[PDB]
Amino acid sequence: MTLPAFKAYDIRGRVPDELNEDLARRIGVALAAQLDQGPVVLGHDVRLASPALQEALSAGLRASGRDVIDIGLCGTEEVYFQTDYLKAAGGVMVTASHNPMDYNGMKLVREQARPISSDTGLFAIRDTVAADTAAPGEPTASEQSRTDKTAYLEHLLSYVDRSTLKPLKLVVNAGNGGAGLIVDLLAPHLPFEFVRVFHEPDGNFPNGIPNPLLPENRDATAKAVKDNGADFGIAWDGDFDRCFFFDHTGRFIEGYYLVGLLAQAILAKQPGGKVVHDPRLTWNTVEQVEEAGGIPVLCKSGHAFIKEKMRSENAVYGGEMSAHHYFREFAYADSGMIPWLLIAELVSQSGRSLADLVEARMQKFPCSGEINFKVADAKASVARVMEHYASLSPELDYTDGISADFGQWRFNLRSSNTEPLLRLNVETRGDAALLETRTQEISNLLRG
């Protein structure tokens, strides 16, 4: 077979049987053979095994003559930012995202933090690692510790006019991941009053692995917002490249609506720009982008496709409904920090609550949320759906799975590239009844 830890977009597996120090060292050796000239940036998340996996990565890179820039405990976006900022050959973030306690992984990038994915070098690395029985060499290059975050923090702060900010009260919930360290470094430069929940980094995860989409974890942020009368709340996953928003009522805001809101925020600063969006949920983003004078650009979902499209279009901003937000000046990379700075600025400048900023949009384009189906035969299930609706003659688009536009409602139905699943998204033109009846109809067809 092949090493299971090598996935479409990154390396992910149980340690020590799918990922371990020896594999990590071999990955460093193989990565050195794939990169252009230059040093390699390494960072890690709060998981207990991450430092040792990073050290093994470093040992293999340095045995292959690569200088290593160790930026320490960080978020994924810091590896991206520093790789691009320092004009490094590439970078690796050691992180387990929201996988169980016995899991870890790696996200790899080359120059300008461009992704290394299964078809752009990651399976080449896998096959090299798989065949490598060579004795470990000794280091021929050095490691430098570079924990200074100044350039990163200045970059984050450059997205807002600090003189226009109001002293909003913000709940922040790191989930014992890494986000609190960055919040605390930003706080002396911001007027906000922070209510800190699950704030200290702790790889033992006493309050659960960080995942704000789980209702149990969601409610902890919601409760803190309501109990403290906060203006809004923000929660992150463990490597904080995903951010999640709660309005002043404690209501979690579906990530779809943040794409259009953040696009408007960015277009206010970079007028007329292009905005890249995914095909799962679309109508609200297209309308909000156009109303703000921007140009919406449809793109297949997944960070590699989004980033490539943004580069080829010089797009100012890209956003996915799955809580990933990409910014041109940020090495075209995703940040879990830039979005809440922009939203805080919007609330401060407009005098409108986060709830009011999105309320009418949610009524105008209600969506199902992403619903996942594990079925016996994905292809036959999709066919059952398309056969059922054929006589209505929807407009069909195959950018990413199947999108079907019926006029007052549409759906997208995809196979996941990270899991063996079918994913469904439905939205309507202001019609919650149609939304429910069509979602339930498709669900029944899929399960049949």
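Residues carry their position along the shown sequence, with the first being 1.
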Take the C-alpha B-factors listed in the entry for 97-105 and for 271-279, compute each mean, and give the stretch with the larger one.
97-105
Got a sec? Mean C-alpha B-factor, which is higher, 312-320 or 115-123?
115-123
Would you mind finding, among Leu341, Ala131, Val183, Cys367, the residue with the largest C-alpha temperature factor in the entry?
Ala131
Out of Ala404, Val41, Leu392, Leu61, which one has a C-alpha B factor higher than all the others in the entry?
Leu392
Taking the chain's C-alpha temperature factors as the reference, tell me which third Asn417 falls into: lowest, middle or highest.
highest
Of the three thirds of its chain by CA temperature factor, lowest, middle or highest, which one includes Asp148?
highest
Lowest, middle or highest third: where is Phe205 by Cα B-factor in its chain?
highest
For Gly302, return the chain-relative third of its C-alpha B-factor as stated in the PDB record: lowest, middle or highest.
highest
Considering only modelled residues of the same chain, in which third does the CA B-factor of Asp431 rank: lowest, middle or highest?
middle
